[PDB]
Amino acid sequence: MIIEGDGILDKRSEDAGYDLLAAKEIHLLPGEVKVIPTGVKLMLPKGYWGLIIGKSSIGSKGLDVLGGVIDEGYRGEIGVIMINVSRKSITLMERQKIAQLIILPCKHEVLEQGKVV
């Protein structure tokens, strides 16, 4: 797939997702929510969406990833919504690994109003 930017890294065939980098330094006080920029854009392949999910190293620090659904038609820059849900302050350095992008399949169904048994 075509991407733009160096905020996303190539993975091995045995890894589920691509590491995403922080485009700039970010400081987060306990309970603070910030949308961290990555500087990358992508043209997800037709029939798939992208899931942003956390990495064990940052997660074990009390940081969580909110939202996380990259739609196939999105062309904007990818942003990672992060909250410090721990009780201590944390600083993420520029170009630090903050999350992962996993490509998964799309299933489009038509909504039929009926009565579920």
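Take the two forms, find the largest set of C-alpha atoms that superpose within 1.5 Å, and that set is the rigid core. From 1 onward, residues are counted along the sequence shown.
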query: Of 107 to 115 and 4 to 12, which departs more from this form in 7 other deposited structures of this protein by CA RMS after core fitting; finding: 107 to 115
query: Stretch departing more from the displayed form, 60 to 68 or 73 to 81, Cα RMS in 7 other deposited structures of this protein (core fit); finding: 60 to 68
query: Between the two ranges 84 to 92 and 66 to 74, the one averaging a larger CA B factor in the entry; finding: 84 to 92
query: Comparing 104 to 112 with 14 to 22, the one whose average Cα B-factor in the PDB entry is higher; finding: 104 to 112
query: Chain third (lowest, middle, highest) by recorded CA B-factor, residue given as residue 61; finding: middle
query: Third of the chain's Cα B-factor distribution that residue 55 belongs to, per the entry; finding: lowest
